[PDB]
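Residue numbers (full-length UniProt numbering), protein chains in the order written: chain A, 4 to 83; chain B, 5 to 83; chain C, 5 to 83; chain D, 4 to 83; chain E, 4 to 83; chain F, 4 to 83; chain G, 5 to 83.
Beta carbons: idealized from backbone N, C-alpha and C, even for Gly.
These notes concern the structure reproduced below.
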Amino acid sequence: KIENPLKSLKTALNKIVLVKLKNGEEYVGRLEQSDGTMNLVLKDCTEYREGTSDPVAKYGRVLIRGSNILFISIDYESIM
Amino acid sequence: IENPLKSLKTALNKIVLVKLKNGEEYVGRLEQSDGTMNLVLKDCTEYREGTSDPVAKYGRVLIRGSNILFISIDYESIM
Amino acid sequence: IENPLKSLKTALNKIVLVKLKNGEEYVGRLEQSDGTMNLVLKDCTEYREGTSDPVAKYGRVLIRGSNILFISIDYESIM
Amino acid sequence: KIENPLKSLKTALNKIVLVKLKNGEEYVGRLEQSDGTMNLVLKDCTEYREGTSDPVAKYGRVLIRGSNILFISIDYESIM
Amino acid sequence: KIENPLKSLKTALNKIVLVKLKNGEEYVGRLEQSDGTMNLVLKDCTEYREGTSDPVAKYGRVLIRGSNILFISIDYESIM
Amino acid sequence: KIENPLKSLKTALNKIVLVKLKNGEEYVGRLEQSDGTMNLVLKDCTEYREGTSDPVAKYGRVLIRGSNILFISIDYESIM
Amino acid sequence: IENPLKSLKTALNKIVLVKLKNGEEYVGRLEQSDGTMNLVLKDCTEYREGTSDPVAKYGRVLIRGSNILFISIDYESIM
């Protein structure tokens, strides 16, 4: 079977995901694009304070660099 | 033949604890892993470091291996 | 053909917001970019993270891609 | 003749070691495997507060990533 | 037709620039040299407290390592 | 006639050295082995409070990962 | 031929100040350097950042180039 963590990211295409960065900040938006570096493009992205549902800021369509990602919640829509 | 990374495959479908560089602890069932130690965990709960106090639920998570400190590969068997 | 880096090219000559590793935010018109996400911004203002409180003005800046957290590539159409 | 730091890690196999990571936390356990990048597997691993013998948490069998290791006390067994 | 970020660093040669480093500190001086990795030589370099005009220390002629640079204000002279 | 920084590390073999790690802590011991990546083996390693002489912990024979070293005092024995 | 790394070579046998990523400053006579900016300083004294307060003496030190923020290659003219 060919399943590996990277292609699991492709299944999240056009779904709401949560991205947490190395500084602990959390960003929620719809995953529009991703590449093999885990560079992401998120649509209608809102930053939330860590571990909470408190919106901090809206940033629109964001390109997130993969090297500073801690993790991506790929099923986040089904859980919000 | 045995090496640290093959030990990671023995934890597939088992509950593991992953500690990241910032000290926070994530507990979940190991679904997938690769050679760089990127992981996919199912039903992932973040705990406050050193405790069993849950702080957040994140569902199915892709964790980047570069930020991992260690993985408790038999965590199921010690709780 | 769509991918993250090409989406950056769509923001050329538009105002973007760039957040760096230390959390600081910089807003200015994207004049140039390369494959490593080095950017040149014009009329760049730094803002306190998460606000519209101006902190400093830096003129035309060359931002090193390796220390960028993210780029809001549609910032002009929402600010 | 052939003596180098990474070979000295081979003589600690199945001995108790102390591993200190980049955030100053110390982990004690029996070294079961190591590779060339200093990835480690420890059995019966206990975290202790830095500089002390106050145990903080028990983690069982752990795979430690080499890149965040500060040092390994390779003769810890014979001293603690 | 050839416009790239690093080429614009070459336009600032012999001009006063502001370099902000990863720790937030700001260094002002005349750019004398740069290379492809963004290593720089500044002449008559003064550090300023971040976002102010309070000088904190003088360092003279400095070789700055590119990997810790956040940004360079390549036209800082025109705006003082 | 050939002199470079890594070769100067070999001159400290069998001498007491001080190693400062990137979290600021200092470790003093007799350098027994080293390699091209500045991985080190120290014998009789004592950690000291940064910048002081107050011992903090003993760790015996330690393998130090070169990538997390700030500097090595290669003549410390002659000035301690 | 002039470039930033060759400018380090000109500092040989000169007193330099080396600032590391954690902000600590180290002053000594530059004895050796290489292409990665690994340095050997003679008679090295560490100073509290931005001040003249000596904190510790370290003799002959080998500094790893990867943790260096900057090197004042002419520092005796500044002391």
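- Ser76 of chain B: member of the beta strand (DSSP E) spanning 72–76, first to last residue.
- What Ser11 of chain D touches in chain F, judged by beta-carbon distance under 7 angstroms, is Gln36, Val44, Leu66, going in chain order.
- Listed along the chain, the chain F residues whose CB falls inside 8 angstroms of the CB of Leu73 of chain D are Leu24, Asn26, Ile67, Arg68, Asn71.
- Sorting C:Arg33, C:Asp47, C:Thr49, C:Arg68 by C-alpha distance to the C-alpha of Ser81 of chain C places C:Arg33 at the top.
- For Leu45 of chain C, the uninterrupted beta strand (DSSP E) run begins and ends at 43–51, by DSSP.
- DSSP, read as helix, strand or coil, puts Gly39 of chain D in coil.
- Of D:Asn17, D:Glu6, D:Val59, the smallest CA-CA separation from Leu43 of chain D is found for D:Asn17.
- For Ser76 of chain B, a Cβ of chain D is located within less than 7 angstroms of the residue's own Cβ.
- Looking at D:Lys46, D:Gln36, D:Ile72, the one whose alpha-carbon comes closest to that of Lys10 of chain B is D:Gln36.
- Against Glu6 of chain D, the close residues of chain F are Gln36, in the order they occur along the chain (beta-carbon pairs closer than 8 angstroms).
- Only residues of its own chain outside the window of five on either side were considered, and among them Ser37 have a CB closer than 6 angstroms to the CB of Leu12 of chain B, listed in chain order.
- DSSP places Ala15 of chain A in the coil class of the three-state scheme, outside both helix and strand.
- Taking 7 angstroms as the threshold, the shortest C-beta distance from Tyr79 of chain F to chain G falls below it.
- Chain-ordered listing is empty here: chain E has no CB closer than 7 angstroms to the CB of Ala15 of chain C, the nearest sitting near 14 angstroms.
- Assignment of beta-bridge partners to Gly32 of chain E by DSSP yields E:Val20.
- Taking CB atoms only, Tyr62 of chain G has a neighbour in chain F less than 7 angstroms away.
- Going by C-alpha positions, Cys48 of chain E is about 26 angstroms away from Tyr62 of chain G.
- In this structure, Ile75 of chain B and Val65 of chain D form a Cβ contact; the two beta carbons are roughly 7 angstroms apart against a cut-off of 8 angstroms.
- Within 8 angstroms of the CB of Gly54 of chain A, the CB atoms of chain B belong to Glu50, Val59, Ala60, in sequence order along the chain.
- The C-alpha of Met41 of chain D is placed about 30 angstroms away from the C-alpha of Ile72 of chain C.
- In this chain, the beta strand (DSSP E) harbouring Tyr62 of chain D covers 58–67.
- Pairing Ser56 of chain E with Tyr30 of chain E, the inter-Cα distance amounts to about 11 angstroms.
- Below the 7 angstroms Cβ cutoff, chain D contributes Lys61, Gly63 as neighbours of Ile82 of chain B, in chain order.
- The three-state reading of DSSP puts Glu80 of chain C in helix, counting H, G and I together.
- Remark: C-beta atoms of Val20 of chain A and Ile67 of chain A do not approach each other more closely than 7 angstroms.
- Excluding the 5 residues flanking it on each side, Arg52 of chain A has same chain C-beta neighbours closer than 6 angstroms at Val59, in chain order.
- A residue is called buried once 16 or more other Cβ atoms fall within 10 Å of its Cβ, and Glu28 of chain A is buried on that count.
- Under the three-state reduction of DSSP, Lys10 of chain F is assigned to helix.
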